[PDB]
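Following: one structure in C-alpha coordinates, then a few remarks.
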Amino acid sequence: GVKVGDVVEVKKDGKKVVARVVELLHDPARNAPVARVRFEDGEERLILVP
(Lines give C-alpha, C1' and ligand atoms only; values in the text may rest on other atoms or scores of the structure.)
Protein backbone atom coordinates (compact mmCIF):
# COMPACT_ATOMS: atom_id res chain seq x y z
CA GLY A 1 0.00 0.00 0.00
CA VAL A 2 3.11 2.26 -0.24
CA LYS A 3 2.53 5.40 -2.35
CA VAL A 4 4.60 8.18 -3.78
CA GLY A 5 5.89 10.53 -1.07
CA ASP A 6 5.58 7.98 1.76
CA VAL A 7 8.71 7.33 3.90
CA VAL A 8 10.19 3.84 4.51
CA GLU A 9 13.13 2.42 6.48
CA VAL A 10 15.92 0.60 4.63
CA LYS A 11 19.56 -0.31 5.38
CA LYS A 12 22.34 1.92 3.98
CA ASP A 13 25.98 1.15 4.93
CA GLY A 14 24.71 -1.08 7.81
CA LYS A 15 22.47 1.70 9.27
CA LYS A 16 18.64 1.80 9.32
CA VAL A 17 17.76 5.01 7.47
CA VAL A 18 14.63 6.71 6.08
CA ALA A 19 14.05 6.97 2.34
CA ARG A 20 11.21 8.73 0.47
CA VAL A 21 9.23 6.89 -2.21
CA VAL A 22 9.68 8.88 -5.43
CA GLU A 23 8.15 6.38 -7.92
CA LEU A 24 6.14 3.10 -8.07
CA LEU A 25 7.18 0.54 -10.73
CA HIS A 26 6.42 -3.16 -11.35
CA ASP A 27 8.73 -6.17 -11.82
CA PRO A 28 6.87 -8.62 -14.16
CA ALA A 29 9.33 -11.44 -13.25
CA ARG A 30 8.68 -11.37 -9.47
CA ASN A 31 5.10 -10.13 -10.20
CA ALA A 32 5.50 -7.58 -7.38
CA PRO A 33 5.61 -3.75 -7.09
CA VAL A 34 9.06 -2.04 -6.91
CA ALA A 35 9.61 1.45 -5.44
CA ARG A 36 12.27 4.00 -6.46
CA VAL A 37 13.38 5.46 -3.08
CA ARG A 38 15.59 8.54 -2.45
CA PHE A 39 17.82 8.93 0.65
CA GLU A 40 18.58 12.18 2.49
CA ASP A 41 21.78 12.76 0.46
CA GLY A 42 20.12 12.17 -2.94
CA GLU A 43 21.27 8.55 -3.44
CA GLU A 44 18.50 6.42 -5.03
CA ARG A 45 17.72 2.74 -4.94
CA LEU A 46 15.06 0.31 -6.19
CA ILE A 47 13.39 -1.82 -3.47
CA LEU A 48 10.78 -4.58 -3.63
CA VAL A 49 7.63 -3.23 -1.90
CA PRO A 50 7.24 -5.20 1.39
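By order of appearance in the C-alpha coordinates: chains A, B, ..., then residues from 1 within every chain, and ligands from 1 in the order shown.
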
- [ ] Please provide as a PyMOL selection string all residues within 6 Å of residue A:23, with the sequence filter that same-chain residues fewer than 4 positions apart are discarded (counting only C-alpha atoms).
- [x] chain A and resi 4+35-36

Task: residue A:5 environment, 12 Å, only C-alpha atoms, sequence neighbours closer than 6 positions dropped, as a PyMOL selection string - done: chain A and resi 18-24+35-38

Task: Neighbour list for stretch 25-34 of chain A as number ranges by chain, cut-off 8 Å, only C-alpha atoms, skip fewer than 3 positions in-chain - done: A: 46-49

Open item on the list: Between A:40, A:45, A:15, A:50, which residue has the minimum interatomic distance to residue A:1, considering only C-alpha atoms?
Closed with: A:50
